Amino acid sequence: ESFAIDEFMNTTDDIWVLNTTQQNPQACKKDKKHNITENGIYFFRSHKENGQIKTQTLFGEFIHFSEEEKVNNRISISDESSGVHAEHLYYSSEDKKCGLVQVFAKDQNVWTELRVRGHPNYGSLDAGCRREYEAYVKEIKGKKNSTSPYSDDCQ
């Protein structure tokens, strides 16, 4: 099954990074969708350094490794501040409120982010998303560094 990244991000809600296997990730990481076209998605990527919010306008272009691919499950990003050049959504819940994104950066760092619509709460995360992220972090070859970039002090 393929999971469309333009449907998962087609919301006016903030998409927060709940969990990530990136080592030493930024704080209060989130995306805000600005526009979705047939060629890609314009959004605003933010994080918090020492109380201040840094934001950048990004355009993720839908890319396909063949001509038979039409599901928009992968985006290429240019001029990303952390060197992230590609993102691939490999799982998302049916209500599109949580997803697992494999992130490829230019420094050859590859990690996984568990993203959620709206700010993370202490309730019950979708069981499918949870078991999928558990399976991934269990499948990491040595030293799984899973942290949460979100805090209740993030606005």
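Throughout, we count residues from 1 along the sequence that is shown.
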| query | finding |
| --- | --- |
| Mean Cα B-factor comparison, 41 to 49 or 66 to 74, giving the higher one as deposited | 66 to 74 |
| Between the two ranges 51 to 59 and 109 to 117, the one averaging a larger CA B factor in the entry | 51 to 59 |
| Selection by C-alpha B-factor (highest) of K97, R130, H34, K29 | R130 |
| Chain thirds of CA B-factor: placement of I5 | middle |
| Third of chain Cα B-factors occupied by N145 | highest |
